[PDB]
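Next up: just one chain, as structure tokens, the form deposited in one PDB entry.
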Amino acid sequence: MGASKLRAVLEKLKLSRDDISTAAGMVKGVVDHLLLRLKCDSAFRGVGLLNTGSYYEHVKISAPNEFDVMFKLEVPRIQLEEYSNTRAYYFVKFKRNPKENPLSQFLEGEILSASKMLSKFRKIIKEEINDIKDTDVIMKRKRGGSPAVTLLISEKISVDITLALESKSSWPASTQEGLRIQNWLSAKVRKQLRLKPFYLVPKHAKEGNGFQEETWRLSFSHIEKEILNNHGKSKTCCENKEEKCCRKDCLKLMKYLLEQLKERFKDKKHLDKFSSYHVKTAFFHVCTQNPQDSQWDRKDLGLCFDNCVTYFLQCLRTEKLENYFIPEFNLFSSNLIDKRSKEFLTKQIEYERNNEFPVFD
């Protein structure tokens, strides 16, 4: 494509940081008061803020009125029960025998109910947003699954609040062959990263005709954040002029491509199933394929970008996009996304690439 064109796109994209940060401030305030009022309840005592997502990864673009926050909650001594070889969805039981468990009320049998937890969560949040008349914050009717609550700050800002269980235990076995960063960020880093906790968000699993509503999906957004904000083989990568790479620029460009394409065909349902996480996952795989900083030279911004696109396209055609942490978990399976959508997105991206990306202007 050429470096300078994409770079112009990146300038135009860079112009929104001030506004996005300004809204992020208000979000921060509201969420702060919320968490302050949430820790009162015995069930959500050890609840806290989890600073992950596009904003904290410094890759959020062109959506200042939309934010996603995650609330983490420490669940000690838990036992995970894998659902139907899905490798990613789990039942949360408790290995702890005493009734000292603060989540006993949400225990539907030996298994911890996600429905009860989410219900109490939404209830407490509703009461606490009703309690405050200082700021103009209102909840929203239930729609999505993983985004538990949806808030509206003033009558402009929109915040998606997600709840996540935190486990300081060692990661599930399905993550064993994942996080292939050995040749990129070193085995040492992979080793110390796996010593960090893992998270679980309430997400129902698709069987085909019905959905299991009492399951939890693995989450490693903190690991994604760490990797993105420390992305080079060199520790001083992007800390001086001679060591400037174009990884994050490529990620931004991909995210922007998908956003613009989703916007152009928004009156249909073809691209509704695709999200930024797909793009990010593909990006991480490309990073694994090209572990050297010299393969991400600034002047090569064009080629690199194409690389990403190319790989993404491949994932579309072969209907295979492995989760970066859970290899046997396929984000692009026919169960999750139908062939027609993938072929449509392939068609569009290929057109764009064949005509110097007119969607970038």
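If you superpose the two forms and keep the largest set of C-alpha atoms that fall within 1.5 Å, you have the rigid core. In case it trips you up, residue 1 is the first one in the sequence shown, and so on.
Heads up, the form deposited in another entry isn't pictured, but that's what we're talking about next.
- Only one entry in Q289, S146, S113, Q79 has its C-alpha moved by 2 angstroms or more between the shown form and the other one when the rigid core is superposed, and that entry is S146.
- Annotation for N323: C-alpha shift under 2 angstroms between the shown form and the other one, rigid core superposed.
- In the core-superposed comparison between the shown form and the other one, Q192 has its Cα shifted by less than 2 Å.
- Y311: CA moves less than 2 Å between the shown form and the other one after rigid-core fitting.
- Relative to what is shown, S54 and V31 are closer in the other form; their C-alpha atoms differ in spacing by at least 3 Å.
- With a change of no less than 3 Å, the CA-CA distance between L49 and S54 is smaller in the other form than in the form shown.
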